[PDB]
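Quick note: the coordinates plus some simple rules give every number you see, no bench work behind them. With ideal geometry, Cβ positions are generated from the backbone for all residues, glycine too; neighbour counts draw on all protein chains shown.
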């Protein structure tokens, strides 16, 4: 024909008039990655690798089904602490083993919990036995759990 | 004809001599917006 | 070459060896360009000065085989239905075939005998009608075109004291369009010359390469968009 | 090709946009260009020097078929209604057909007999009228144009002692415009040659491709707007 | 083409296919350019050397139809009102028509008989008046232009012993202006040739395309503003 | 060279990639180009002016060997099945072979004897049929093509008072396509000239190199995509 | 839309599948093609010498008009189920001004 | 004055109405036109491509 134009993708840009858009950016992108991840594909558009489910096996090996809606998490060192609502108001402790999460149910009762008041937590490691997780709702008293 | 000139609108400017005005600015504007608002119309004149 | 071959091989030539490197033509556009190319090829190879060899219809074996499948022989029908006005007193109006492109031989069968028709120009008619006798030679007849409505009407000026019993016309038939797909399937009501369906080439395979190459050149010129290219390849439209 | 086709391959060969959101190249402008192209083609093909081959109206079979749909034979009507003044004593003023483009044969039927008309130039009139007899040859008559009002009036200088009974004119009819669509639909009161409705081409299909190519060239050269292109493609307006 | 068609179609050619891409002409400017273009076209197609074909007024059928609606026949009126002084003893001063552009045939009706007038140059007059007899040939008369006031005055030097009873002049009438709108409506007191209202073309439609194209070329040259373009297209002003 | 070789030295002289991971230049496109090259070579070498030496079919030993594998002798079959209309009273319609490219010799065996056929042009038919006798010379017969349907039909105008027994035709057979591989293997329903299987070249090995070089040139010029190259290498398509 | 790109499947190159749609549109036009690649027949998408080239779609309204505008949005995407890593380096757009 | 511009009406393009006046002036001149667009006839404002 007559003319050409080359387009590189340094990022994703919006908010700019179409007449004055910059060819170095993409106007809109779905499920792409421009940084080199798992391969040397930096400054080159590349895919998003998917997720892989991790079974929640109890220490005895049986499956552990989580009750309901999650309100907040907390990773202390390698223990993930979930505060979930549902039929009851539960607390879990998940430790990542090689291929599964060794799930424990630290509590299952009526800690008044609401979905309108999610959880925010701080967790400290004092020693092998005193591993605390302080958490607060916007509604209820501040609480602690070892 | 013979020649042309392109005019963009980066803002509204006044106070400068007409002989030395800058084509990138508008001398006077009424009810316009040059920033992208409710649409991606940044650096392009748009309504109020 | 079937129509499918004309379409597939247009892209081995127009589209940078089927690389999708050039602009990309629909099948309607390819059909239009092929029809125009075949009309151009016929017109150029008919006139000796229109081609590169200086050779016309019957000037070489190749030219004879080129127009072999267009040459048709048909009879003219007396136009006695319409009582029009003729420029010559002894002119019998005859209507020619509808699918007529170029006439190359005409003959009239009179009571006196067959007489080869000479298509006489407007200057020769005035020159030959300024003389004492004002009749053709013993073995010929004249022909001039007259008031024609959606057809071709010819005045046959044969010598007086003679009656016309027949009128045979050998001519080049109008070529049919080249269409590579059912145009109505994707394009609403587009026709090339009034036909919306697949139409093959009614020509000898010898000039199919010529027609395809001319179509490719026309496509490249129409897409380069230069005025110079358009006017340059417009020279060969005649 | 019919009007819809003319528009369609014009779009194909020019690369315009049929949509109206982008105005593109609309139907009025295409009709104007196709018209101008058809008068240009007629003028260039009638004059032998106007084309590339050097062949005029009846200089080859193609040219005979080109003007075939335009040839018309009509009589001239006496202009005795208006008592104007003639430049010759023995001149009978006759009015020519209104839709007249070019006259190629004229003949007058007198009591002495049919006599071919010679359109005599202004120089030859003085030259032959500066002699003793001052009459045409036995089998010819002269013709010079005279005072005309919204028509063409011709003085028929036939030999004295003779009367004119008929005056037949074989001429090339004025081409009708090529109008792709009813202009009044969108375009308020525009016209092309006094017509506003759909005007199919009145010519043989053989020159439809020539007209389309010439129209495309004119479109490209006009859209370019360069003075040089306008002058070069104005040379082919005659 | 009505005036409305000349204006609308100027913008399909001058204004980059009616795209408002070129400068933009008022209707007064378009009228002025059309009038100048028609004068230029008349002058060029009259002189054979002024056009591209080398053909003058009566050198082809096209030229005959071009000037068909300008040719007028009028009588000269004896200029006995003003007792001026003639360069020749036997010269009868005659005034010619006011709307006169170019003379092509003149005849004088004497008691002896009609005599074709030869427009004699100033060199031939001195050459032929250095001889014994000093009279025209038996079938001709001379003509030289004399003191003229706001008109055209001609001395008719016919042979002595003869009286002039008539003087017929066949000439090309001065074309009327081309105006596309009532100029007084928006432009105060501007006239093209003394007429401020809509004025149609008094010419055959055959040269309307020529006039429009010449107007477009003149507009493009006058707006490109180059001295070179102006002097180049000023060549064809004659 | 066989098909595998044609592909292999095409790859060597063009620098394509045989691998399919990079598509490279595939076998269908190479087959198409080799075909087009072989028809181009045949057409250019038959016409003396088409090549660089100025030597035609039998103008040198090399040219005689070039077309040697294409020369075929076959008889024409009477077309009495269809009761069509002939342009001559004494014309017997004969059908020619289907795989016909160019006719170089024709002869008819009559009761009087074998008579060489002269392919008589459309002008010479009128010229020789405007004479008293209107029959060929003693040892020749005429031939003019007539109405043909998906074949070539020829009118054999032999002298009256004679009958036609045989009609031999020595002609150049239509070349078979050069197909490097079975197209149906990967390419669904593509064809080259109605063939899909492997088609070895039917020509003498002497012109195999010419065909390969021409195909390589066409490949390079098409992949370039320049209009100028396409027009220049289209000149050698005839 | 000339563009370089490569799809893999566990260290195996796949020279046949890169993208599955190309939506091109502006203020008054919108076209889309599936980007199929048929080796013998012409197709919207063709590869040759390790470069992909796709013919830009034509307007849905007419199906004949090319995408003619001062600017235009060009969108490449896959919408067919698949599990490949598709490195997309850059893309050149050929236009006629 | 060549210029690109677009008027919308709730996600609907309007290819007929962009501007309604153009006042151009200097120390000694002042002109103004309404910027109408008539498809057939010439007008102060014309759109194409």
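So here's what we get for this one:
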item: Cα-based convex hull volume of region C:151-194 per residue, rounded to whole Å³; result: 111 Å³
item: Residue closest to axis [chain F; rotation mapping onto D; Cβ; Å]; result: F:228, 22
item: For region C:197-238, diffusion coefficient by Stokes-Einstein and Kirkwood Rh (Cα), 37 °C, 0.692 mPa s, µm²/s; result: 281 µm²/s
item: Stokes-Einstein D in µm²/s, Kirkwood radius over Cα pairs - region E:1-45 at 37 °C with 0.692 mPa s viscosity; result: 293 µm²/s
item: Taking all pairs of distinct alpha-carbon atoms in region F:18-159, Kirkwood radius in angstrom; result: 18.5 Å
item: Ratio Rg/Rh, restricted to region A:77-125 and using Cα atoms, in which Rh is the Kirkwood radius; result: 1.00
item: For region F:119-238: Kirkwood Rh in Å [reciprocal of mean 1/r, alpha carbons]; result: 19.6 Å
item: Ascending list, in nanometres, of distances separating the residue F:22 label from those of the other copies (7 Å, Cα toward Cβ); result: 2.4, 3.6, 5.2
item: Calculated FRET value between residue E:98 and residue A:6, using beta carbons and R₀ = 56 Å, to 0.05; result: 0.15
item: Residue list for region A:95-129, given a label point 7 angstrom along the Cα-to-Cβ vector of residue A:52 and an amide N cut-off under 17 Å; result: A:96-102
item: At 7 Å out from Cα toward Cβ: residue C:132 inter-copy label distances (nm, ascending); result: 2.3, 2.3, 4.5
item: Candidates D:191, D:110, D:84, ranked by Gaussian network fluctuation over chain D, Cα under 10 Å, top entry; result: D:84
item: Relative contact order for chain B, counting Cα pairs under 8 Å that sit 6 or more residues apart, in percent; result: 32 percent
item: Ascending count of other beta-carbon atoms within 10 Å, so fewest first, for C:208, H:30; result: H:30, C:208
item: With Cα atoms, 0 to 90° folded angle of helix D:27-46 axis to chain D main axis; result: 40 degrees
item: Pairwise Cα inverse-distance average, inverted: Kirkwood Rh of the protein assembly as shown (Å); result: 37.9 Å
item: Shortest-first nm distances, residue E:226 label point to equivalent points in other copies (7 Å, Cα→Cβ); result: 1.0, 1.9, 2.8
item: Separation of the residue G:12 and residue F:198 label points, Cα + 7 Å toward Cβ, nm; result: 2.9 nm
item: Exposure proxy order (Cβ contacts within 10 Å, fewest to most) of E:186, F:135, D:155; result: E:186, F:135, D:155
item: Cα-projected label distance for residue E:81 with residue F:19, points at 7 Å along beta-carbon direction, nm; result: 10.4 nm
item: Acute angle (nearest 10 degrees) that the helix E:208-224 long axis makes with the longest principal axis of chain E, alpha-carbon atoms; result: 60 degrees
item: 10 Å Cβ neighbours from other chains, averaged over peptide C:192-205; result: 2
item: Taking C:131, A:33, F:174 and counting other C-beta atoms within 10 Å, the order from fewest to most; result: C:131, A:33, F:174
item: Computed FRET value (nearest 0.05) for residue F:130 with residue B:33, which takes r as the C-beta separation and R₀ as 60 Å; result: 0.10
item: Using alpha carbons only: equivalent-ellipsoid semi-axes of chain C, gyration tensor based, whole Å; result: 43, 19, 16
item: Calculated FRET efficiency for the pair residue A:108/residue A:142, C-beta based, R₀ 22 Å, to 0.05; result: 0.60
item: Computed over chain E: relative contact order in percent, which uses C-alpha pairs under 8 Å that are six or more apart; result: 29 percent
